[PDB]
2 protein chains.
Amino acid sequence: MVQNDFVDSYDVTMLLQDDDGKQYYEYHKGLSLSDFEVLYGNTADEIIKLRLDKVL
Amino acid sequence: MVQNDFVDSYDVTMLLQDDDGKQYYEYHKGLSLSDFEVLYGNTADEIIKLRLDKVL
């Protein structure tokens, strides 16, 4: 995504696992380190991947 | 045996910015989610990216 539209505040990409073991990816951008701490604390599940990126 | 080639526990890969205005890495294989909280809490600098990845 272009660095003129994806760009406000940090990006958080996370990947977790489900009952079929087939996994679920999502990204969460235009937020901050405190909002990353929400997703990290909300997880309570099979963690597979996690990323954060202070945009631009 | 400790991480020979990623192979132990959680891969953690952070990136923070120096006063020179460029990034430096914090690669840490063989961690856990509690050790990630230590790394994220103790490194304390201008964080630009991070990753966590459960072992292969």
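- As summarised from the PDB record, the model derives from solution NMR.

1. Some words on the interface of chain B and chain A
Many authors give the size of an interface as the accessible area that is lost as the parts come together.
For step 1, the next point in the chain: Contacts between the two partners involve 14 residues from chain B, matched on the other side by 13 residues from chain A.
For step 2, the next point in the chain: Of the roughly 1300 Å² buried between chain B and chain A on both sides combined, carbon and sulfur atoms contribute 56%.
For step 3, the next point in the chain: Interface area lost by chain B to chain A is led by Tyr-40, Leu-50 and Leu-52 of chain B, which between them contribute 34%.
For step 4, the next point in the chain: Taken together, the connections running from chain B to chain A amount to three salt bridges.
For step 5, the next point in the chain: The salt bridge partner of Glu-46 of chain B is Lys-54 of chain A, with a shortest N-O separation of 2.6 Å.
For step 6, the next point in the chain: The set of elements that each furnish at least two residues to the side of chain B that touches chain A consists of α1 (33-42) and β3 (47-53) of chain B.
For step 7, the next point in the chain: With seven residues, the top contributor of residues to the side of chain B that touches chain A is β3 of chain B.
For step 8, the next point in the chain: Its residues assigned to classes, the side of chain B that touches chain A shows eight nonpolar, no polar and six charged.
For step 9, the next point in the chain: Relative to β3 of chain B, strand β3 (residues 47-53) of chain A is paired through five bridges, and the arrangement is antiparallel. Along β3 of chain B, the bridge assignment pairs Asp-53 of chain A with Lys-49 of chain B.

2. Some thoughts on the side chain of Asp-11 of chain B
Residues and elements named next belong to chain B.
For step 1, the next point in the chain: For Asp-11, the location among the structural elements is in strand β1 (residues 10-17).
For step 2, the next point in the chain: Buried charged residue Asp-11 carries no salt bridge. Nearest counter-charge: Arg-51, at 4.5 Å.
For step 3, the next point in the chain: Those residues within four positions of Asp-11 in sequence are excluded, and the remaining contacts are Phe-6, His-28, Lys-29, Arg-51, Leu-52 and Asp-53.

3. Examining helix α1 (residues 33-42) of chain A
For step 1, the next point in the chain: By the burial criterion, the buried members of α1 of chain A are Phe-36, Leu-39 and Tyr-40 of chain A. Relative to the axis of α1 of chain A, the buried residues are bounded by an arc of 100° and lie together on one face. Away from its buried face, by an angle of more than 90 degrees, α1 of chain A presents the exposed residues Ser-34, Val-38, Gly-41 and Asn-42 of chain A.
For step 2, the next point in the chain: Buried residues in α1 of chain A make contact with β1 (10-16), β2 (24-31) and β3 of chain A together with α1 and β3 of chain B.
For step 3, the next point in the chain: Once α1 of chain A ends, the next one or two residues include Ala-44 of chain A, with phi positive near 45°.

4. Regarding the nonpolar core
For step 1, the next point in the chain: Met-14, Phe-36 and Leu-50 of chain A together with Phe-36 and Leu-50 of chain B are the most contacted members of the largest nonpolar core, which totals 20 residues.
For step 2, the next point in the chain: Going through the elements one at a time, β1, α1 and β3 of chain A together with β1, α1 and β3 of chain B are the ones with two or more residues in this core.

Cut-offs applied
Residues numbered from 1 in each chain as written, not as in the entry; some residues may be left out. Chains lettered and ligands numbered in written order. Heavy atoms only, no water. Contact = heavy atoms within 4.5 Å. Buried area = accessible area lost by both parts, 1.4 Å probe. Salt bridge = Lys/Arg side-chain N within 4 Å of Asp/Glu carboxyl O. Helix = DSSP H or I, 4+ residues; strand = E, 2+ residues; numbered from the N terminus. Nonpolar A, V, L, I, M, F, W, Y, C, P; charged D, E, K, R; others polar. Pairing = 2+ DSSP bridges. Buried < 20%, exposed > 50% of the residue type's maximum accessible area, 1.4 Å probe, protein only. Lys, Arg positive; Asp, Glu negative; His and termini not counted. Arc of directions from axis to C-beta. Core = buried A, V, L, I, M, F, W, Y, C linked by side-chain atoms within 4.5 Å.

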